[PDB]
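For reference, the structure discussed in these notes is given below.
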Amino acid sequence: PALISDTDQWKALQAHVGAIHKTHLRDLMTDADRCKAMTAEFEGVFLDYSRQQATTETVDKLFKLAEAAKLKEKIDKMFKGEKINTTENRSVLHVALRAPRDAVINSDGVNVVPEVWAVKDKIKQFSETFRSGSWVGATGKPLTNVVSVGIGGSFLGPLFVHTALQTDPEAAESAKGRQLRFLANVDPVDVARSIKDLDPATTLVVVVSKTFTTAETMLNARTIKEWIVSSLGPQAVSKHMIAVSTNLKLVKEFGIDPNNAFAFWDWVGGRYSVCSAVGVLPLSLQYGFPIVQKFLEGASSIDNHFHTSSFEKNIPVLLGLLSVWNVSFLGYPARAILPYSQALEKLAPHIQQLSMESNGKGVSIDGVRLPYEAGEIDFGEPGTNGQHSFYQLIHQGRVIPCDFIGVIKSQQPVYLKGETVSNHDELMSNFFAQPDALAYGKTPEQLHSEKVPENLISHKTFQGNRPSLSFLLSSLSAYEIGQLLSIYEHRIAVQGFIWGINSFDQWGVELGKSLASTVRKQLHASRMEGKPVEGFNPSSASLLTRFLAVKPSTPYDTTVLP
Amino acid sequence: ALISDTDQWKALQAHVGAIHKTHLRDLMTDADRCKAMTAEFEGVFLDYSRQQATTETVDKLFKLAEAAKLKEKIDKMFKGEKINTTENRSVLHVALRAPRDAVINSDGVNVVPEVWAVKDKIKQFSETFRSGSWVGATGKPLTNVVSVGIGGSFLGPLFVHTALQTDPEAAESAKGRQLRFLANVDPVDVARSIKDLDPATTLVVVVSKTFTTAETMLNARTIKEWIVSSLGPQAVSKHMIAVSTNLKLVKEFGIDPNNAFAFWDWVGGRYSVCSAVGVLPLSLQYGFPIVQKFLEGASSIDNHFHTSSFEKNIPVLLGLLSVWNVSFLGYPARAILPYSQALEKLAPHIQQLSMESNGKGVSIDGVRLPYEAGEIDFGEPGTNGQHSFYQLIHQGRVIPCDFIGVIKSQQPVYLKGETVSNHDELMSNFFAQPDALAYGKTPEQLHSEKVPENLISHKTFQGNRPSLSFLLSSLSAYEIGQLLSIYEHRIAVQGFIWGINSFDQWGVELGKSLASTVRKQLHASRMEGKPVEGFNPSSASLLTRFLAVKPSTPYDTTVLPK
């Protein structure tokens, strides 16, 4: 009901900001009891948030806000299958995607778990048939390359897990000689990328779209379908294309065998769909189902930890509260996702959609316009890549709270005889230093003490007191990748739960889709019927005229592929 | 003085209230305003009519540029003055693409003949290399090239390389060849760079000015071990070259010193792709003529930026507009949104170019700024980013967007019977999204469409959110050079108005110092068994947990990935 910014716990945290402004992390980081209290741990995940602009009292006052906002109740209702997505009247049950085969999680009055595992066992049987070569192509060759066609949550989630599993030794062994590519952009350049160095006779296409009507995905689906027909004949569509969708009619009218359709559900948001057939099917073809099952079990272990653990030990709750503290009370509009792992190269782009599409909202869940701004701007590059890109601003420009992620055991250990440190040790040297560099800074007195010229000390001053948090993971196999994914999925839910918004709808995408259909009609009328440009403002009319002024080089209505 | 204390700054501050009394859905109906708020140079058309501004706002930003002596600073850069006052260095990335008979002095010596001496050396080497006469140890012609480097040695070339990969001309000249980048010190990146490569058909280019860069040289010694383990120690001079000015270490590394290619201290790292940093590897992949057209594209913008009046000056307009969005409208972030899959790696480069240049806290004289400068830059290509975070840009925090579209497609595709071509489907979003952000959708429109009253708040688009649109005629090497030079000069303009030094980077020093300290502690504990000493309680624990897992291979023994 009432806006969270109207409660006393919210106002109490606002007054608490003035006291924290009086503090500096250079002094706070010497307190052994403060540092030890501001940690959390679960299995192979160690969270150290001692470098936040906070004391234990700040965490205490954040817990009371979570109670006033009814955080625990909102969590339980999600797990129990209630339709907490109010604006769409949908359950929010991506946790059921990795629940064990015995659990009971109702939605619309029916337990969804036995049907979640029905698709898993169907994926497993297909993947075993596919990987053992019994699934053959039109020319009689076993398919070894898989293209997954999809946009948004059908792309970023799966791409993240695929990139992280690529260089893990056990996963990479199972994916020997197999490629998995993603065709996401409707830009025809992406189609040329997806099919480069590929043989239609040894390629399988997985079209991912709940509706099977998605404009971008279906145009690519029809495009690569013709690519298959152009080389193998019209009958090769059934043995070379499969679908992750529920519209069985369009799937068959597309030319795909309806039994080759793998279903997910409306209580599976796009940005929470990697654990569904959206991700499990392509990943089980590349790495096998045992590997993806370990990934699901990792995310499942965090779902239990998030649902049952007390708040002082609850890692996703701690993370979500500290982000609200940084965003809504310290005033930091952006957040940097900085994993020191090339395997996590595609983590930040997925967190980008997961966070901003969930929490980039302007009204509460009940439709009251928020007097404050919610979801932060999320970006990131892996260390040390991003370290040599934008850390200059993070140290001396605008303040950006940082998520540092480090892994103890290297996926691909390297050491050369005579080196001071192993390659992974050299990488982690920065993982340990940068958070301390942000917290302490370097005073002008330290600089003048080091005989630095007075005209340079202002330029070499580091103010410090800039917040960070550090994940230390035991390893990065399928299990730990699932844990990291679930941690962020729940953290974003916690932030949206505290802000009192709806983290699970996405109405902000419709207006751009509407106007795009209006432009598409204008393009068709001009290209095919020679109609003038009409119905647009003077700017759009001019830009459309410049675009359409370049006529095609291809004969009228004639197919062209790269 | 300080730009925030001038009347031109204060007059623009009050002007914000007048613009806040307008809405873009009304301003976009003015044909006079829309036509005046444009600019054009060759195949580059800039439409900024969707900025929260009028021609009067632009007139007042011009008077801020005059009070900031913008034209003075630009001339001093082009002329070769050491405007990088904190490092006492010229700023002459424009000289990398100047013609042979150009006159650009630093310390009274014309640097242009030395720029072309390297360029001529690159061309002669690239012809001998691509012709196959340059052979490996086993006598095989070299097919694949790995460029080792970090920061500006990585992002710039990656951007240009990714844009050229799918250009029809460039891709033809790069057939059968690979160009990979090894940037992360994470040994997972080493494993990926050498994945499915043969040392006998691989050339390595080490890009590091001093040849002392910690991450680059460890990767450089690592890939050197990979080569010598397969071909012998003698093969180094035949498979490895360098972009460096430290001739002693190049010869000590094993590389023939005459295979070292120079660049200079007045070339910023984030400004170095037009030097041998980029020109050398790109010429190996695409041939020198393709790269010279790229350089000629950047050169065309340099002349335009240096000579054109401010109302036709595309980089000056862009810099003043971003300063307007940042320092007066209060928008702390900027979205780079190219509707081109070929520009996939554009936003990561702009990220470093902008944030490392302008993420500053003090003026060029050493005065601490009472405002904040450099904005936070991020982006994904359309339509990828469209289906990721556009939810927030429409309904959450306001983020000024840069839209980049291309009239002609690098890879045109059309299927018979389709309503629009694949590229037209892409561009429909390019034209629609800026209008969607400008117009919004009022709750009166939604009620007029029989939307339930409870959902009206959630489907409302406030509109009046700013964007600008680039429309390029094509995306060949020439236009890629133009786009690069535009963003380099725009970033300089913003730093000139703010009165900061866009060309030093002291903010990266504290992290490298404390990383060296952690490197010492790691060696002392790995090789000498020393305890953890000299760190705060948090870093001590993190370090203790990390070192608790011991190397899994014999002492001081070489291990390579895969």
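If you're wondering about the labels, chains in the structure tokens are A, B, ... by order shown, residues count from 1 in each chain, ligands from 1 in order shown.
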From the DSSP assignment of the backbone, select every residue of region 344-481 of chain B that is strand (DSSP E), and format the answer as a PyMOL selection string. chain B and resi 376-378+401-406+467-472
Neighbour list for residue 490 (chain B) as a PyMOL selection string, cut-off 7 Å, only C-alpha atoms, skip fewer than 5 positions in-chain: chain B and resi 315-316+318-319
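Our summary of the geometry notes that CA of residue 303 (chain A) is positioned 21.7 Å from CA of residue 159 (chain A).
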Counting only C-alpha atoms, figure out which residue out of A:165, A:337, A:439, A:62 gets nearest to residue 404 (chain A). A:337
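Our summary of the geometry notes that CA of residue 298 (chain B) is positioned 14.4 Å from CA of residue 472 (chain B).
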Would you kindly return, as a VMD selection string, each protein, DNA or RNA residue with an atom no farther than 10 Å from any atom of residue 72 (chain A), considering only C-alpha atoms and excluding same-chain residues fewer than 6 positions away? chain A and resid 66 306 to 308 310 to 311 317 494 497
Can I get the selected residues back with N, CA, C and O atoms, as a compact mmCIF listing (two decimals), in the first residue's frame?
# COMPACT_ATOMS: atom_id res chain seq x y z
N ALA A 66 13.60 -4.12 5.50
CA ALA A 66 13.14 -5.35 4.86
C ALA A 66 11.94 -5.94 5.57
O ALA A 66 11.06 -6.52 4.93
N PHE A 306 18.27 -19.07 -0.37
CA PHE A 306 17.54 -17.80 -0.41
C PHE A 306 16.21 -17.91 0.31
O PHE A 306 15.77 -16.95 0.96
N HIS A 307 15.55 -19.07 0.23
CA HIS A 307 14.21 -19.22 0.78
C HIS A 307 14.21 -19.49 2.28
O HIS A 307 13.26 -19.10 2.97
N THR A 308 15.26 -20.12 2.81
CA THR A 308 15.24 -20.61 4.18
C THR A 308 16.18 -19.88 5.13
O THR A 308 15.88 -19.79 6.32
N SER A 310 18.40 -17.29 7.39
CA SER A 310 18.16 -16.03 8.07
C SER A 310 18.88 -14.89 7.35
O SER A 310 19.84 -15.11 6.60
N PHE A 311 18.41 -13.67 7.60
CA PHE A 311 18.84 -12.53 6.78
C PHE A 311 20.31 -12.20 6.96
O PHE A 311 20.96 -11.75 6.01
N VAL A 317 19.77 -11.70 -0.09
CA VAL A 317 19.10 -10.62 0.64
C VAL A 317 20.11 -9.54 1.01
O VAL A 317 19.85 -8.34 0.83
N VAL A 494 15.04 -9.12 -4.70
CA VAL A 494 15.04 -8.47 -3.40
C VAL A 494 14.96 -6.95 -3.56
O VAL A 494 14.20 -6.28 -2.87
N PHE A 497 11.58 -6.06 -4.54
CA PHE A 497 10.66 -6.27 -3.42
C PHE A 497 10.76 -5.14 -2.40
O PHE A 497 9.74 -4.72 -1.84
Show which residues sit within 12 Å of residue 297 (chain A), as a PyMOL selection string. Count only C-alpha atoms, and ignore same-chain residues fewer than 2 positions away. chain A and resi 95-101+275+289-295+299-304+477-486
If DSSP is run on the backbone, what residues of region 99-237 of chain A are alpha helix (DSSP H)? A reply as a PyMOL selection string would be ideal. chain A and resi 113-131+156-166+169-174+188-194+215-232+237
Pairwise distance for CA of residue 506 (chain B) and CA of residue 329 (chain B), rounded to one decimal in Å: 28.6 Å
Leaving out region 104-107 of chain A and any residue of its chain fewer than 4 positions from it, which residues lie within 9 Å of it when counting only C-alpha atoms, given as an MDAnalysis selection string? chainID A and resid 79:83 90:91 93 96 99 111:114 267
Restricting it to C-alpha atoms, dump the selection as a compact mmCIF listing (two decimals), in the first residue's frame.
# COMPACT_ATOMS: atom_id res chain seq x y z
CA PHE A 79 8.16 -19.83 -4.01
CA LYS A 80 4.61 -20.98 -3.25
CA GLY A 81 3.54 -20.13 -6.81
CA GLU A 82 1.26 -17.19 -6.07
CA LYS A 83 0.62 -14.75 -8.93
CA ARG A 90 1.12 -14.62 -13.63
CA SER A 91 3.04 -16.79 -11.22
CA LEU A 93 8.29 -19.69 -10.71
CA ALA A 96 10.49 -24.57 -10.15
CA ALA A 99 13.42 -27.90 -8.17
CA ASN A 111 1.79 -28.90 -9.37
CA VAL A 112 4.11 -27.67 -12.12
CA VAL A 113 7.15 -29.75 -11.10
CA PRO A 114 6.26 -33.08 -12.80
CA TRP A 267 5.49 -18.11 -15.25
Which residues, written as number ranges by chain, have at least one atom at most 8 Å from residue 499 (chain B), with only C-alpha atoms counted and residues fewer than 6 positions away on the same chain left out? B: 2-3, 68, 363-364
Contact residues around residue 219 (chain B) with only C-alpha atoms at 8 Å, ignoring same-chain residues under 5 positions, as a ChimeraX atom specification: /B:148,182,185,190
Restricting the output to C-alpha atoms, write the selected residues as an mmCIF file, in the first residue's frame.
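Contents of again.cif, as written:
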data_model
loop_
_atom_site.group_PDB
_atom_site.id
_atom_site.type_symbol
_atom_site.label_atom_id
_atom_site.label_comp_id
_atom_site.auth_asym_id
_atom_site.auth_seq_id
_atom_site.Cartn_x
_atom_site.Cartn_y
_atom_site.Cartn_z
ATOM 1 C CA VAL B 148 48.776 -9.500 -27.542
ATOM 2 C CA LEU B 182 44.824 -11.997 -26.307
ATOM 3 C CA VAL B 185 45.980 -12.006 -18.163
ATOM 4 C CA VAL B 190 45.352 -17.701 -23.394
#
Taking into account only C-alpha atoms, which residue in the set B:341, B:105, B:193, B:29 is nearest to residue 561 (chain B)? B:193
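When only C-alpha atoms are used to measure the gap to residue 397 (chain B), the shortest distance among A:546, A:61, A:124, A:361 belongs to A:361.
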Chain A proximity check over B:429, B:325, B:285, B:473, using only C-alpha atoms: winner is B:429
